[PDB]
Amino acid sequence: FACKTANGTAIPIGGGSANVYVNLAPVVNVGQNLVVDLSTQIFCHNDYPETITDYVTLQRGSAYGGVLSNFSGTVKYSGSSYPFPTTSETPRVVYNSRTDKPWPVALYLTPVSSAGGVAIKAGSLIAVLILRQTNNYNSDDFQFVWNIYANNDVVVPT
């Protein structure tokens, strides 16, 4: 089991860390959503699907910088929605193919009433999403840590 990003970089077998840059709507009003869909960016595969089933959860989603201070939000993981920052590890998604399949995570962020001006700065860290991988074969228990960076400023109009 390993993951890579579109562009991109890779996290090899045994887990590790990678940095991900996301394009964000430059302008978002109170009551609107920023949608950050990582499912077009992060892809994973099972290295031995005939003998092994891989289980993948979103172990934790954490907010940083302008997202932490100026947004509230939810995370959608494989069809189910959760508070973001998360309060528990999700149910598992099965990886059972050698073909790269998306990691089905998307953030829905909405400005708090105190956001105004540049709410998210370009190049800044906005979120960490931890992928936890296990299997039905051995004791492997690995973390794939995705540091999510804003590609551009996001302005909340005043």
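Under this definition, the rigid core comprises the largest set of C-alpha atoms superposing within 1.5 Å between the forms. We number the residues from 1 along the sequence you see.
Student: With the rigid core held as the alignment frame, decide whether 146-154 or 6-14 lies farther from the shown form in 7 other deposited structures of this protein, in terms of RMS C-alpha distance.
Tutor: The more displaced stretch in 7 other deposited structures of this protein turns out to be 6-14.
Student: So 23-31 or 61-69, which one's hotter by mean CA B-factor in the entry?
Tutor: 23-31 has the higher mean C-alpha B-factor.
Student: On average, which has the higher Cα B-factor in the deposited entry, 5-13 or 140-148?
Tutor: Comparing averages over the C-alpha atoms only gives 5-13.
Student: Choose from 39, 133, 51, 90 the residue with the greatest Cα B-factor as stated in the PDB record.
Tutor: Most elevated C-alpha B-factor of the set, per the entry: 51.
Student: Per the coordinate record, which of the options 105, 128, 115, 56 holds the highest CA temperature factor?
Tutor: The record points to 115.
Student: Which third, lowest, middle or highest, does the CA B-factor of residue 78 fall in along this chain?
Tutor: It falls in the middle third of the chain.
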